[PDB]
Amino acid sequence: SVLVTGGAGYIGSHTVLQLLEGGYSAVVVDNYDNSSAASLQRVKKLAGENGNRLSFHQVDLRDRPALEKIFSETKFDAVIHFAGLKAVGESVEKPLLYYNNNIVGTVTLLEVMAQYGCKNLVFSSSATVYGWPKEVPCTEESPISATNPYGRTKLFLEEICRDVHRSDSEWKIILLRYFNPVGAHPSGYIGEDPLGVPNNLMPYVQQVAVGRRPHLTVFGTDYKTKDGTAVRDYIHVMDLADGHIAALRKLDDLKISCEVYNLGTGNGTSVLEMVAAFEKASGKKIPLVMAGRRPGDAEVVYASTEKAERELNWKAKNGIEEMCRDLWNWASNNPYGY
């Protein structure tokens, strides 16, 4: 039995489905800031028999009575915490919004969790905590420093989790630094369906590919990379989902405390390479506006996979070609989302 925060969202979507399919039970809480209930209806059907073990509610983590009601009626073995705003660029423009939602929401969740004696957490952290890396592939113990308010929320919230653990050794925490999840379930029955104007690269791309946005703005062209565009470690959302189930099994291992794990593929890809990958998979051509660097972006970021392999027995198995096929497969069949 698992509480999934922001589980109507992109990665949450997929992870819930994986939980359901792995024998677990799931309660989702989500305020539908960047998702709708409709995504979980599709996870329900897609999950088949196991779909009877999913239940979901419209709750803001900051609504403490609403969240208390949730933990009242169910004992949680673990919380998986995906809820938050996640856009570097929105961040720089709207810092309070982000410290409000991410830190206040999370602090409330940690407080309620303790109050009801659920003290095992998997936390959605981000490669953004590496800020602008000095070193080729970012290890877990690389220097941690943020560059923008979203980065700082995640960095701050990791430090806050370390502080909780240290205060109270009943707590079992795993911090997962996701690099750049992309793709969809290969069925194409679910996928990324952000509300509002999209912020992430590939939901923006899919929407341009389908008529919903006029062009993709490329953020920066003078980077010190082989084609001038920024480089990221793009990872198949389904691999990312699976790594959460491995986090979950790791939670009651030997003597875990407050462990951090990168979840990436270890390979860097430029924004243009991603475009071109997407165009290969889609056969559609993406109009591009070349713009300046987006405030807050790192230049090259990609994972060390070694710690996650050694300790979670987890590795990503899909490559770019798969991520784009699955995305296109979801996008083709679901051009307006849900």
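For every residue, the number given is its place in the sequence shown, counted from 1.
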item: Average Cα temperature factor in the PDB entry - higher stretch of 96 to 104, 226 to 234; value: 226 to 234
item: Mean Cα B-factor comparison, 284 to 292 or 42 to 50, giving the higher one as deposited; value: 42 to 50
item: Per the PDB entry, maximal CA B factor within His81, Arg152, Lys86, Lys75; value: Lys75
item: Chain-wide C-alpha B factor ranking for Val129, given as lowest, middle or highest third; value: middle
item: Third assignment of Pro194 from its chain's C-alpha B-factors; value: lowest
item: For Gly9, the third of its chain into which the C-alpha B factor falls; value: lowest
item: Chain-relative CA temperature factor third for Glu311; value: middle
item: Modelled-residue ranking by C-alpha temperature factor, third containing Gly266; value: middle
